[PDB]
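Enquirer: What follows is the file upload-v1.cif, containing mmCIF, C-alpha atoms and all ligand atoms:
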```cif
data_data
loop_
_atom_site.label_atom_id
_atom_site.label_comp_id
_atom_site.auth_asym_id
_atom_site.auth_seq_id
_atom_site.Cartn_x
_atom_site.Cartn_y
_atom_site.Cartn_z
CA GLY A 1 7.54 -32.49 34.96
CA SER A 2 3.89 -31.46 34.86
CA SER A 3 1.16 -29.61 36.76
CA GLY A 4 -2.37 -28.24 36.55
CA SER A 5 -5.04 -26.51 38.62
CA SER A 6 -8.53 -25.03 38.30
CA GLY A 7 -11.48 -23.61 40.21
CA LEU A 8 -14.23 -21.00 39.96
CA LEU A 9 -17.49 -19.90 41.56
CA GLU A 10 -20.67 -18.14 40.42
CA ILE A 11 -22.68 -15.88 42.72
CA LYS A 12 -26.26 -14.94 41.86
CA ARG A 13 -28.76 -13.33 44.24
CA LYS A 14 -32.00 -11.36 43.99
CA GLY A 15 -29.87 -8.35 43.09
CA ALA A 16 -31.93 -5.53 44.59
CA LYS A 17 -30.49 -4.09 47.80
CA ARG A 18 -31.90 -5.19 51.16
CA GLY A 19 -35.29 -3.52 50.88
CA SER A 20 -38.23 -5.36 49.34
CA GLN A 21 -41.57 -3.82 50.33
CA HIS A 22 -44.44 -6.32 50.20
CA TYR A 23 -42.22 -9.29 49.37
CA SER A 24 -45.14 -11.63 50.04
CA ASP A 25 -48.07 -12.84 47.94
CA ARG A 26 -51.24 -14.84 48.59
CA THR A 27 -52.06 -17.44 45.94
CA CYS A 28 -53.91 -20.76 46.16
CA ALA A 29 -51.80 -23.86 46.78
CA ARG A 30 -53.76 -26.06 44.37
CA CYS A 31 -54.58 -23.63 41.56
CA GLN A 32 -52.31 -20.72 42.49
CA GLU A 33 -55.13 -18.25 41.89
CA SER A 34 -55.32 -14.59 42.90
CA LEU A 35 -56.59 -14.72 46.49
CA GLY A 36 -56.39 -10.94 46.72
CA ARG A 37 -60.02 -10.13 47.52
CA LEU A 38 -60.35 -13.37 49.48
CA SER A 39 -58.88 -13.76 52.97
CA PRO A 40 -55.79 -16.00 53.26
CA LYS A 41 -55.85 -15.84 57.06
CA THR A 42 -59.17 -17.70 57.10
CA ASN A 43 -58.63 -19.49 53.79
CA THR A 44 -56.03 -21.71 55.46
CA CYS A 45 -56.39 -25.48 55.19
CA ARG A 46 -56.46 -26.82 58.75
CA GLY A 47 -55.02 -29.99 57.25
CA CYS A 48 -51.75 -28.79 55.72
CA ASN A 49 -52.08 -25.25 57.08
CA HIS A 50 -51.70 -24.16 53.45
CA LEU A 51 -53.36 -21.42 51.40
CA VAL A 52 -56.27 -22.39 49.15
CA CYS A 53 -59.41 -20.83 47.69
CA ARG A 54 -63.06 -21.68 48.39
CA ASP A 55 -62.95 -23.85 45.27
CA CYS A 56 -60.00 -26.11 46.10
CA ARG A 57 -61.42 -27.00 49.52
CA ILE A 58 -64.17 -29.23 50.91
CA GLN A 59 -66.75 -28.42 53.58
CA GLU A 60 -66.59 -30.75 56.58
CA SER A 61 -68.27 -31.14 59.97
CA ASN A 62 -67.29 -29.34 63.17
CA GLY A 63 -67.07 -26.30 60.91
CA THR A 64 -63.84 -27.59 59.39
CA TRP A 65 -62.58 -27.72 55.80
CA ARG A 66 -59.59 -29.12 53.91
CA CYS A 67 -58.03 -28.82 50.46
CA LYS A 68 -59.02 -31.20 47.67
CA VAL A 69 -55.68 -32.97 48.14
CA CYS A 70 -56.51 -33.32 51.83
CA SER A 71 -60.27 -33.85 51.96
CA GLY A 72 -60.18 -35.56 48.58
CA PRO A 73 -58.41 -38.84 47.73
CA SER A 74 -54.92 -39.77 48.90
CA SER A 75 -51.90 -38.35 47.07
CA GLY A 76 -48.27 -39.42 47.14
ZN ZN B 101 -54.66 -29.45 52.94
ZN ZN B 102 -57.77 -22.87 44.36
#
```
Write out the structure in this file as structure tokens.
Ligand SMILES: [Zn+2]
Ligand SMILES: [Zn+2]
Expert:
Amino acid sequence: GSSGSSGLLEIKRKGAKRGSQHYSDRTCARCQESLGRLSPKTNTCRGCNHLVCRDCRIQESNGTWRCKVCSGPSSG
């Protein structure tokens, strides 16, 4: 005769109870800089609707602008 069994799980979550005040940050999407002073609402790339600074974007016509990755060359 013979037999054998096994099995186990590992749970790991944030830890802190359900209550995270200000659990959101605003950092560039190309340089991940501190966009604190800057405005993320307006600093949104119309291309990929992402968050970038006034340094990782390019000025375009029709008062539009896109991120280097967008306005710049193609990227896989
Ligand atoms: Zn973009
Ligand atoms: Zn940037």
Enquirer: What residues of the protein or nucleic acid chains come within 7 Å of ligand ZN 101 (chain B) when you use only C-alpha atoms and all ligand atoms? Reply as a ChimeraX atom specification.
Expert: /A:45-50,66-67,69-70
Enquirer: Kindly provide, as a ChimeraX atom specification, all nucleotide and amino acid residues lying within 6 Å of ligand ZN 102 (chain B), counting all atoms listed in the file.
Expert: /A:28,30-31,33,52-53,55-56
Enquirer: Report, in Å to a single decimal, how far apart atom CA of residue 71 of chain A and atom CA of residue 42 of chain A are.
Expert: 17.0 Å
Enquirer: Do you have the atom CA of residue 43 of chain A-atom CA of residue 75 of chain A distance handy?
Expert: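 We find that atom CA of residue 43 of chain A and atom CA of residue 75 of chain A lie 21.1 Å from each other.
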Enquirer: Would you work out the distance separating atom CA of residue 34 of chain A from atom CA of residue 20 of chain A, expressed in Å to one decimal?
Expert: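 Rounded to one decimal, the two atoms are 20.5 Å apart.
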Enquirer: Give, as lines of an AutoDock Vina configuration file, the centre coordinates and the x, y and z edge lengths in Å to one decimal for an axis-aligned box around all listed atoms of segment 54-64 of chain A, padded by 8 Å on each side.
Expert:
```
center_x = -64.1
center_y = -26.4
center_z = 54.2
size_x = 24.3
size_y = 25.5
size_z = 33.9
```
Enquirer: Which residue, A:44, A:74, A:62, A:5, has the smallest gap to residue 27 of chain A when you use all atoms listed in the file?
Expert: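 Among A:44, A:74, A:62, A:5, it is A:44 that comes nearest to residue 27 of chain A.
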Enquirer: Identify, on the basis of all atoms listed in the file, every residue whose closest approach to residue 26 of chain A does not exceed 10 Å; exclude the query and any residue fewer than 5 positions from it along the same chain; express the result as a count of residues only.
Expert: 11
Enquirer: Limit the output to N, CA and C atoms and give segment 14-44 of chain A as a compact mmCIF listing (two decimals), in the first residue's frame.
Expert:
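Listed below is the output, part-v8.txt:
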```
# COMPACT_ATOMS: atom_id res chain seq x y z
N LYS A 14 -2.40 44.40 1.31
CA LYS A 14 -1.88 45.66 1.83
C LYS A 14 -1.59 45.56 3.32
N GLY A 15 -2.55 45.01 4.07
CA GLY A 15 -2.38 44.86 5.50
C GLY A 15 -3.25 45.82 6.29
N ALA A 16 -3.05 47.11 6.07
CA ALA A 16 -3.83 48.13 6.76
C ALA A 16 -5.32 47.94 6.52
N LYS A 17 -6.12 48.15 7.56
CA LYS A 17 -7.57 48.01 7.46
C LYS A 17 -8.13 48.89 6.34
N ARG A 18 -9.37 48.62 5.95
CA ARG A 18 -10.01 49.39 4.89
C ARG A 18 -10.15 50.85 5.29
N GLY A 19 -9.14 51.65 4.94
CA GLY A 19 -9.16 53.06 5.27
C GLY A 19 -7.87 53.76 4.91
N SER A 20 -7.66 53.99 3.62
CA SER A 20 -6.45 54.65 3.15
C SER A 20 -6.77 56.04 2.60
N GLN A 21 -6.50 57.06 3.41
CA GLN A 21 -6.76 58.44 3.01
C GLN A 21 -5.70 58.93 2.04
N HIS A 22 -6.14 59.43 0.89
CA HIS A 22 -5.22 59.93 -0.13
C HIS A 22 -4.39 58.80 -0.73
N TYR A 23 -5.06 57.72 -1.11
CA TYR A 23 -4.39 56.56 -1.69
C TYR A 23 -4.18 56.76 -3.19
N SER A 24 -3.85 57.99 -3.58
CA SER A 24 -3.62 58.30 -4.98
C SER A 24 -2.51 59.34 -5.13
N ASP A 25 -1.64 59.14 -6.11
CA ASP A 25 -0.53 60.06 -6.36
C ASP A 25 -0.52 60.51 -7.82
N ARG A 26 0.17 61.61 -8.08
CA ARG A 26 0.26 62.16 -9.43
C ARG A 26 1.72 62.30 -9.87
N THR A 27 2.20 61.33 -10.64
CA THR A 27 3.57 61.34 -11.12
C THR A 27 3.63 61.09 -12.62
N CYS A 28 4.52 61.79 -13.30
CA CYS A 28 4.68 61.64 -14.74
C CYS A 28 4.61 60.17 -15.15
N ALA A 29 4.32 59.93 -16.42
CA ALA A 29 4.23 58.57 -16.94
C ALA A 29 5.44 58.22 -17.80
N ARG A 30 6.34 59.19 -17.95
CA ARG A 30 7.55 58.98 -18.75
C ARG A 30 8.80 59.15 -17.89
N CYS A 31 8.70 59.99 -16.86
CA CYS A 31 9.82 60.24 -15.97
C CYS A 31 9.42 60.02 -14.51
N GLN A 32 8.12 59.82 -14.29
CA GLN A 32 7.61 59.59 -12.94
C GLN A 32 8.11 60.67 -11.98
N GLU A 33 7.97 61.93 -12.38
CA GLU A 33 8.41 63.04 -11.55
C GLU A 33 7.29 63.51 -10.62
N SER A 34 7.63 64.40 -9.70
CA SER A 34 6.66 64.92 -8.74
C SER A 34 5.82 66.02 -9.37
N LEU A 35 4.64 65.65 -9.86
CA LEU A 35 3.73 66.61 -10.48
C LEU A 35 2.82 67.26 -9.45
N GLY A 36 3.35 67.45 -8.24
CA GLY A 36 2.57 68.06 -7.18
C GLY A 36 2.09 69.45 -7.54
N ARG A 37 3.02 70.39 -7.65
CA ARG A 37 2.69 71.77 -7.99
C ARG A 37 1.91 71.83 -9.30
N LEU A 38 2.38 71.07 -10.29
CA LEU A 38 1.73 71.04 -11.60
C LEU A 38 0.30 70.51 -11.49
N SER A 39 -0.46 70.64 -12.57
CA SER A 39 -1.84 70.18 -12.59
C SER A 39 -1.99 68.95 -13.48
N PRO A 40 -2.30 67.80 -12.86
CA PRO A 40 -2.48 66.53 -13.57
C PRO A 40 -3.73 66.52 -14.44
N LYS A 41 -4.76 67.24 -13.99
CA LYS A 41 -6.02 67.31 -14.72
C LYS A 41 -5.80 67.87 -16.12
N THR A 42 -4.95 68.89 -16.23
CA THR A 42 -4.66 69.51 -17.51
C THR A 42 -3.42 68.88 -18.15
N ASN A 43 -2.55 68.33 -17.31
CA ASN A 43 -1.32 67.70 -17.80
C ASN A 43 -1.59 66.27 -18.25
N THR A 44 -2.73 66.06 -18.91
CA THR A 44 -3.11 64.74 -19.39
C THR A 44 -2.91 64.64 -20.90
```
